[PDB]
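Q: Take this structure, written in structure tokens, and hold onto it; I'll ask about it next.
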Amino acid sequence: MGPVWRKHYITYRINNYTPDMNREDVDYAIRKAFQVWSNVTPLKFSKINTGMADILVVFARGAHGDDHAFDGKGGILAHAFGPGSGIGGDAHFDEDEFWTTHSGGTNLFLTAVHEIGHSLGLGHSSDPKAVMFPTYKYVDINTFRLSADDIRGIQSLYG
Ligand SMILES: NC(=O)[C@H](CCC(=O)O)NC(=O)[C@H](CCC(=O)O)NC(=O)CCc1ccc(-c2ccccc2)cc1
Ligand SMILES: [Ca+2]
Ligand SMILES: [Ca+2]
Ligand SMILES: [Ca+2]
Ligand SMILES: [Zn+2]
Ligand SMILES: [Zn+2]
């Protein structure tokens with residue numbers, strides 16, 4: 001068992017916004033992504049616009065100040081740090097991708113569900129139905145659901 005948050009109230013802040021999408025659409029994607037995980041754990045997430053958030057959400061390009069440099073369009077879409085102070089928990093999205101609300105480019109909501117998985121302490125899954133599977137492939141946003149493996153994983157960490 002890797003690191004977990006030692007509390008059930010977790011804040012997040014959106015550090016900056018991709019110009020690919022409407023600001024409102026980014027907020028919505030991120031809030032809905034947290035809700036996916038809140039729905040199956042005791043965890044609650046609140047957005048703050050100021051103060052010290054646990055999970056910072058960042059859009060950045062290439063070498064962006066950590067040891068997980070991005071690679072331009074394609075390849076790595078995002079990465080996130082597991083639970084911990086400071087950079088711990090933070091989720092970084094590669095601005096060289098084209099973020100969308102839909103099936104074109106890279107869907108932000110789906111990517112955020114996967115990354116928040118990491119921010120909460122999950123690693124990758126070999127279950128092809130799992131949101132924690134290593135590779136992205138668009139699935140209908142309206143019928144999207146965590147797989148049994150994702151739920152097992154997160155319930156083993158919290159609750
Ligand atoms: N399929 C790919 O290879 C895409 C390219 C973009 C595309 O094909 O549209 N890149 C990626 O998949 C890279 C690969 C990194 C590697 O190991 O080197 N992975 C990442 O960047 C991890 C982020 C990630 C993984 C899975 C999902 C997802 C989406 C819907 C349902 C279930 C899971 C969302 C986000
Ligand atoms: Ca943090
Ligand atoms: Ca990339
Ligand atoms: Ca972009
Ligand atoms: Zn980073
Ligand atoms: Zn991942």
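By order of appearance in the structure tokens: chains A, B, ..., then residues from 1 within every chain, and ligands from 1 in the order shown.
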For residue 154 (chain A), work out the shell of residues within 12 Å, counting only C-alpha atoms and skipping chain neighbours fewer than 3 positions away, then give it as a PyMOL selection string.

A: chain A and resi 1-2+4-5+36-43+114+116-125+130-132+146-151+157-159

Q: Restrict the selected residues to N, CA, C and O atoms and save them as a CSV table (one decimal), in the first residue's frame.

A:
```
chain,number,residue,atom,x,y,z
A,1,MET,N,0.8,-1.2,0.0
A,1,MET,CA,0.0,0.0,0.0
A,1,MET,C,0.9,1.3,0.0
A,1,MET,O,1.6,1.5,0.9
A,2,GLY,N,0.7,2.1,-1.1
A,2,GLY,CA,1.4,3.3,-1.2
A,2,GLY,C,0.8,4.4,-0.3
A,2,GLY,O,-0.1,4.1,0.5
A,4,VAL,N,-1.4,7.4,1.3
A,4,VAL,CA,-2.7,7.9,1.2
A,4,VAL,C,-2.9,9.2,1.9
A,4,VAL,O,-2.0,9.6,2.8
A,5,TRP,N,-3.9,10.0,1.6
A,5,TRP,CA,-4.2,11.2,2.4
A,5,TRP,C,-4.7,10.7,3.8
A,5,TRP,O,-5.4,9.7,3.9
A,36,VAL,N,-16.6,11.5,-9.4
A,36,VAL,CA,-16.5,10.1,-9.7
A,36,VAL,C,-15.8,9.3,-8.5
A,36,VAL,O,-16.3,8.3,-8.1
A,37,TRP,N,-14.8,9.9,-7.9
A,37,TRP,CA,-14.1,9.3,-6.8
A,37,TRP,C,-14.8,9.5,-5.5
A,37,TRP,O,-14.8,8.6,-4.6
A,38,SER,N,-15.4,10.6,-5.3
A,38,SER,CA,-16.1,10.9,-4.0
A,38,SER,C,-17.3,9.9,-3.9
A,38,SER,O,-17.7,9.5,-2.8
A,39,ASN,N,-17.9,9.6,-5.1
A,39,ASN,CA,-19.1,8.7,-5.1
A,39,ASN,C,-18.9,7.3,-4.5
A,39,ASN,O,-19.8,6.6,-4.2
A,40,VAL,N,-17.6,6.8,-4.4
A,40,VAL,CA,-17.3,5.5,-3.9
A,40,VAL,C,-16.3,5.4,-2.7
A,40,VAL,O,-15.8,4.4,-2.4
A,41,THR,N,-16.1,6.6,-2.1
A,41,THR,CA,-15.2,6.7,-1.0
A,41,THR,C,-15.8,7.7,0.1
A,41,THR,O,-16.8,8.3,-0.2
A,42,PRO,N,-15.2,7.8,1.3
A,42,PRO,CA,-15.6,8.8,2.2
A,42,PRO,C,-15.1,10.2,1.9
A,42,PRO,O,-15.3,11.1,2.7
A,43,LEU,N,-14.3,10.3,0.8
A,43,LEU,CA,-13.6,11.6,0.5
A,43,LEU,C,-14.5,12.7,0.0
A,43,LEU,O,-15.4,12.4,-0.8
A,114,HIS,N,-8.5,9.7,-14.3
A,114,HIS,CA,-7.3,8.9,-14.2
A,114,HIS,C,-6.2,9.6,-13.3
A,114,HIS,O,-5.6,9.0,-12.4
A,116,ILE,N,-6.6,12.1,-11.1
A,116,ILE,CA,-7.0,12.2,-9.7
A,116,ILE,C,-6.8,10.8,-9.0
A,116,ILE,O,-6.5,10.7,-7.8
A,117,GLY,N,-7.1,9.7,-9.7
A,117,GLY,CA,-6.7,8.4,-9.2
A,117,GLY,C,-5.3,8.4,-8.6
A,117,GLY,O,-5.1,7.9,-7.5
A,118,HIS,N,-4.4,8.8,-9.4
A,118,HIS,CA,-3.0,8.9,-8.9
A,118,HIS,C,-2.9,9.9,-7.7
A,118,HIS,O,-2.2,9.6,-6.8
A,119,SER,N,-3.5,11.0,-7.8
A,119,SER,CA,-3.4,12.0,-6.7
A,119,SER,C,-3.9,11.4,-5.4
A,119,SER,O,-3.6,11.9,-4.3
A,120,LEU,N,-4.8,10.4,-5.5
A,120,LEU,CA,-5.4,9.8,-4.3
A,120,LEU,C,-4.6,8.5,-3.9
A,120,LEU,O,-4.8,7.9,-2.8
A,121,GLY,N,-3.7,8.1,-4.7
A,121,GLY,CA,-2.8,7.1,-4.4
A,121,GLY,C,-2.8,5.8,-5.2
A,121,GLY,O,-2.1,4.8,-4.9
A,122,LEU,N,-3.6,5.8,-6.3
A,122,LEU,CA,-3.7,4.6,-7.2
A,122,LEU,C,-2.6,4.6,-8.2
A,122,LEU,O,-2.1,5.6,-8.7
A,123,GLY,N,-2.1,3.4,-8.5
A,123,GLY,CA,-1.2,3.2,-9.6
A,123,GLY,C,-2.0,2.7,-10.8
A,123,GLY,O,-3.2,2.6,-10.7
A,124,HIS,N,-1.3,2.3,-11.8
A,124,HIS,CA,-2.0,1.8,-13.0
A,124,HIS,C,-2.6,0.4,-12.8
A,124,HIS,O,-2.1,-0.4,-12.0
A,125,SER,N,-3.6,0.1,-13.6
A,125,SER,CA,-4.2,-1.2,-13.6
A,125,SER,C,-4.0,-1.9,-14.9
A,125,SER,O,-3.8,-1.3,-15.9
A,130,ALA,N,-10.5,-0.5,-16.8
A,130,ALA,CA,-10.2,0.4,-15.7
A,130,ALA,C,-9.8,1.8,-16.2
A,130,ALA,O,-9.1,1.9,-17.2
A,131,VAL,N,-10.3,2.8,-15.5
A,131,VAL,CA,-9.8,4.2,-15.8
A,131,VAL,C,-8.4,4.3,-15.5
A,131,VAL,O,-7.7,5.2,-16.1
A,132,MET,N,-7.8,3.5,-14.6
A,132,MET,CA,-6.4,3.5,-14.3
A,132,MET,C,-5.5,2.7,-15.3
A,132,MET,O,-4.3,2.5,-15.0
A,146,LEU,N,-16.4,4.0,-13.5
A,146,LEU,CA,-15.3,3.3,-12.9
A,146,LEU,C,-15.5,1.8,-13.1
A,146,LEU,O,-16.6,1.3,-13.0
A,147,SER,N,-14.4,1.1,-13.4
A,147,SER,CA,-14.5,-0.4,-13.4
A,147,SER,C,-14.5,-0.9,-12.0
A,147,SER,O,-14.2,-0.3,-11.0
A,148,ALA,N,-14.9,-2.2,-11.8
A,148,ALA,CA,-14.8,-2.9,-10.6
A,148,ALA,C,-13.4,-2.9,-9.9
A,148,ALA,O,-13.3,-2.8,-8.7
A,149,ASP,N,-12.4,-2.9,-10.8
A,149,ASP,CA,-11.1,-2.9,-10.3
A,149,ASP,C,-10.7,-1.5,-9.7
A,149,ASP,O,-10.1,-1.4,-8.7
A,150,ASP,N,-11.2,-0.4,-10.4
A,150,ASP,CA,-10.9,0.9,-9.9
A,150,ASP,C,-11.6,1.1,-8.5
A,150,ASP,O,-11.0,1.7,-7.6
A,151,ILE,N,-12.8,0.6,-8.4
A,151,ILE,CA,-13.5,0.7,-7.1
A,151,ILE,C,-12.9,-0.1,-6.0
A,151,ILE,O,-12.7,0.4,-4.9
A,157,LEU,N,-7.9,1.8,-0.2
A,157,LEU,CA,-7.1,2.9,0.3
A,157,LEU,C,-7.9,3.8,1.3
A,157,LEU,O,-7.3,4.3,2.3
A,158,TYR,N,-9.2,3.9,1.1
A,158,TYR,CA,-10.1,4.8,1.9
A,158,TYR,C,-11.4,4.2,2.3
A,158,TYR,O,-12.0,3.6,1.5
A,159,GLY,N,-11.7,4.4,3.6
A,159,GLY,CA,-12.9,3.8,4.2
A,159,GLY,C,-12.7,2.5,4.9
A,159,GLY,O,-13.7,2.0,5.4
```

Q: What residues have any atom no more than 10 Å from ligand 4 when counting only C-alpha atoms and all ligand atoms, and can you list them as a list in words?

A: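 Answer in the requested format: residues 17, 18, 19, 20, 21, 59, 60, 61, 72, 73, 93, 94, 95, 96, 97, 98, 99, 100, 105 and 106 of chain A.
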
Q: As a tab-separated table (two decimals) with N, CA, C and O atoms, in the first residue's frame, please: every protein or nucleic acid residue near ligand 1 (cut-off 8 Å, counting only C-alpha atoms and all ligand atoms).

A:
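Saved the output as out.tsv:
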```tsv
chain	number	residue	atom	x	y	z
A	74	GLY	N	0.73	14.33	-28.10
A	74	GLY	CA	0.75	12.88	-28.09
A	74	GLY	C	1.56	12.32	-26.93
A	74	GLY	O	1.99	13.05	-26.04
A	75	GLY	N	1.78	11.02	-26.93
A	75	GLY	CA	2.56	10.42	-25.86
A	75	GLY	C	1.92	10.65	-24.50
A	75	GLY	O	0.73	10.38	-24.31
A	76	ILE	N	2.70	11.15	-23.54
A	76	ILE	CA	2.19	11.48	-22.20
A	76	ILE	C	1.14	12.56	-22.26
A	76	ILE	O	1.39	13.61	-22.83
A	77	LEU	N	-0.01	12.35	-21.64
A	77	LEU	CA	-1.06	13.36	-21.66
A	77	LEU	C	-1.07	14.22	-20.39
A	77	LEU	O	-1.47	15.38	-20.41
A	78	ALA	N	-0.62	13.62	-19.29
A	78	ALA	CA	-0.72	14.23	-17.97
A	78	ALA	C	0.05	13.35	-16.99
A	78	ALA	O	0.36	12.20	-17.32
A	79	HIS	N	0.34	13.87	-15.80
A	79	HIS	CA	0.89	13.03	-14.75
A	79	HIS	C	0.50	13.65	-13.42
A	79	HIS	O	0.16	14.84	-13.36
A	105	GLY	N	-9.63	15.48	-29.90
A	105	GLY	CA	-8.46	15.79	-29.09
A	105	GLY	C	-8.37	14.84	-27.92
A	105	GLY	O	-8.53	13.63	-28.06
A	106	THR	N	-8.12	15.40	-26.74
A	106	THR	CA	-8.02	14.58	-25.54
A	106	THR	C	-9.08	15.07	-24.55
A	106	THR	O	-9.07	16.23	-24.16
A	107	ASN	N	-9.99	14.19	-24.17
A	107	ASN	CA	-11.04	14.57	-23.24
A	107	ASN	C	-10.49	14.90	-21.84
A	107	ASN	O	-9.86	14.04	-21.20
A	110	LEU	N	-12.10	12.67	-18.70
A	110	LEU	CA	-11.59	11.30	-18.58
A	110	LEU	C	-10.15	11.28	-18.09
A	110	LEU	O	-9.77	10.47	-17.23
A	111	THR	N	-9.33	12.17	-18.64
A	111	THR	CA	-7.94	12.26	-18.22
A	111	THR	C	-7.85	12.67	-16.75
A	111	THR	O	-7.03	12.12	-15.98
A	112	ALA	N	-8.70	13.60	-16.32
A	112	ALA	CA	-8.70	14.02	-14.93
A	112	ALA	C	-9.14	12.92	-13.98
A	112	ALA	O	-8.62	12.83	-12.87
A	113	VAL	N	-10.08	12.06	-14.38
A	113	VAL	CA	-10.44	10.95	-13.51
A	113	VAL	C	-9.21	10.07	-13.24
A	113	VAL	O	-8.90	9.74	-12.09
A	114	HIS	N	-8.49	9.72	-14.31
A	114	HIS	CA	-7.26	8.92	-14.21
A	114	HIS	C	-6.22	9.63	-13.32
A	114	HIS	O	-5.65	9.03	-12.39
A	115	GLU	N	-5.98	10.91	-13.57
A	115	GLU	CA	-4.94	11.62	-12.82
A	115	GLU	C	-5.31	11.76	-11.36
A	115	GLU	O	-4.47	11.58	-10.48
A	128	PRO	N	-8.35	-3.86	-18.66
A	128	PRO	CA	-8.60	-2.99	-19.82
A	128	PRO	C	-9.82	-2.08	-19.66
A	128	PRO	O	-9.96	-1.11	-20.40
A	129	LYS	N	-10.69	-2.38	-18.70
A	129	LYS	CA	-11.88	-1.57	-18.49
A	129	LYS	C	-11.64	-0.47	-17.46
A	129	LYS	O	-12.48	0.41	-17.27
A	130	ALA	N	-10.49	-0.52	-16.80
A	130	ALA	CA	-10.21	0.42	-15.72
A	130	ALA	C	-9.81	1.81	-16.21
A	130	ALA	O	-9.06	1.94	-17.19
A	131	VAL	N	-10.30	2.83	-15.52
A	131	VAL	CA	-9.85	4.18	-15.84
A	131	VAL	C	-8.35	4.34	-15.54
A	131	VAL	O	-7.68	5.19	-16.14
A	132	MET	N	-7.83	3.51	-14.62
A	132	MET	CA	-6.39	3.51	-14.31
A	132	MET	C	-5.53	2.69	-15.28
A	132	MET	O	-4.33	2.52	-15.05
A	133	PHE	N	-6.12	2.18	-16.36
A	133	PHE	CA	-5.34	1.51	-17.40
A	133	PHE	C	-4.35	2.54	-17.97
A	133	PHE	O	-4.63	3.74	-17.94
A	134	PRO	N	-3.17	2.09	-18.45
A	134	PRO	CA	-2.11	3.06	-18.76
A	134	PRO	C	-2.39	3.94	-19.97
A	134	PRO	O	-1.80	5.02	-20.07
A	135	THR	N	-3.25	3.51	-20.89
A	135	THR	CA	-3.48	4.27	-22.12
A	135	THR	C	-4.89	4.81	-22.24
A	135	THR	O	-5.87	4.17	-21.84
A	136	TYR	N	-4.98	6.01	-22.82
A	136	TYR	CA	-6.21	6.73	-23.02
A	136	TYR	C	-6.91	6.26	-24.28
A	136	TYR	O	-6.27	6.03	-25.32
A	137	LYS	N	-8.22	6.10	-24.19
A	137	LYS	CA	-9.07	5.91	-25.36
A	137	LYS	C	-10.43	6.46	-25.01
A	137	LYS	O	-11.02	6.07	-23.99
A	138	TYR	N	-10.94	7.38	-25.83
A	138	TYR	CA	-12.21	8.01	-25.53
A	138	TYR	C	-13.31	6.98	-25.32
A	138	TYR	O	-13.47	6.05	-26.12
A	139	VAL	N	-14.07	7.15	-24.25
A	139	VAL	CA	-15.31	6.41	-24.05
A	139	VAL	C	-16.43	7.39	-23.78
A	139	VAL	O	-16.20	8.47	-23.23
A	144	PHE	N	-19.80	6.75	-19.01
A	144	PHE	CA	-18.56	6.41	-18.34
A	144	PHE	C	-18.79	5.92	-16.91
A	144	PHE	O	-19.59	6.49	-16.17
```

Q: Would you name the residues within 7 Å of ligand 5, counting only C-alpha atoms and all ligand atoms, and put them as a PyMOL selection string?

A: chain A and resi 64-66+68-69+79-80+92

Q: How would the residues just picked look written out with N, CA and C atoms as an mmCIF file, in the first residue's frame?

A:
```
data_model
loop_
_atom_site.group_PDB
_atom_site.id
_atom_site.type_symbol
_atom_site.label_atom_id
_atom_site.label_comp_id
_atom_site.auth_asym_id
_atom_site.auth_seq_id
_atom_site.Cartn_x
_atom_site.Cartn_y
_atom_site.Cartn_z
ATOM 1 N N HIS A 64 8.688 21.634 -17.070
ATOM 2 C CA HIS A 64 7.829 22.585 -16.363
ATOM 3 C C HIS A 64 8.094 22.596 -14.862
ATOM 4 N N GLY A 65 9.321 22.300 -14.468
ATOM 5 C CA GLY A 65 9.724 22.533 -13.095
ATOM 6 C C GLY A 65 9.759 21.316 -12.198
ATOM 7 N N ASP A 66 9.506 20.138 -12.765
ATOM 8 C CA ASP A 66 9.610 18.890 -12.003
ATOM 9 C C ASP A 66 10.389 17.842 -12.818
ATOM 10 N N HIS A 68 9.312 15.293 -14.391
ATOM 11 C CA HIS A 68 8.406 14.569 -15.245
ATOM 12 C C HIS A 68 8.070 15.446 -16.432
ATOM 13 N N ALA A 69 9.096 15.831 -17.188
ATOM 14 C CA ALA A 69 8.889 16.687 -18.357
ATOM 15 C C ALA A 69 7.911 16.078 -19.358
ATOM 16 N N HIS A 79 0.341 13.869 -15.804
ATOM 17 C CA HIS A 79 0.894 13.031 -14.746
ATOM 18 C C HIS A 79 0.498 13.653 -13.421
ATOM 19 N N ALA A 80 0.573 12.873 -12.349
ATOM 20 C CA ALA A 80 0.171 13.373 -11.046
ATOM 21 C C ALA A 80 1.009 12.728 -9.946
ATOM 22 N N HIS A 92 -0.812 17.456 -13.245
ATOM 23 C CA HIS A 92 -0.319 18.298 -14.325
ATOM 24 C C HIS A 92 -0.772 17.760 -15.682
#
```

Q: How would you write, as a VMD selection string, the set of residues in chain A that DSSP gives as strand (DSSP E or B)?

A: chain A and resid 9 to 14 44 to 47 55 to 60 78 to 80 91 to 94 99 to 100 106 to 107

Q: Kindly work out which residues sit at most 12 Å from ligand 2, using only C-alpha atoms and all ligand atoms, and give the list as a count of residues only.

A: 31

Q: Would you mind telling me which residue in A:70, A:63, A:32, A:23 lies nearest to residue 142 (chain A) when using only C-alpha atoms?

A: A:32

Q: Which is closest to residue 29 (chain A) among A:145, A:102, A:156, A:16, if we use only C-alpha atoms?

A: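 For residue 29 (chain A), the nearest of the given residues is A:102.
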
Q: Between CA of residue 3 (chain A) and CA of residue 67 (chain A), what is the distance in Å, rounded to a tenth?

A: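 Between CA of residue 3 (chain A) and CA of residue 67 (chain A) the gap works out to 19.2 Å.
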
Q: To one decimal place in Å, what is the distance between CA of residue 31 (chain A) and CA of residue 48 (chain A)?

A: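 CA of residue 31 (chain A) sits 11.6 Å away from CA of residue 48 (chain A).
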
Q: Between CA of residue 26 (chain A) and CA of residue 101 (chain A), what is the distance in Å, rounded to a tenth?

A: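 Computing the Euclidean distance for CA of residue 26 (chain A) and CA of residue 101 (chain A) yields 8.3 Å.
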
Q: Find, counting only C-alpha atoms and all ligand atoms, the residue in A:127, A:22, A:155, A:71 that gets nearest to ligand 3.

A: A:71
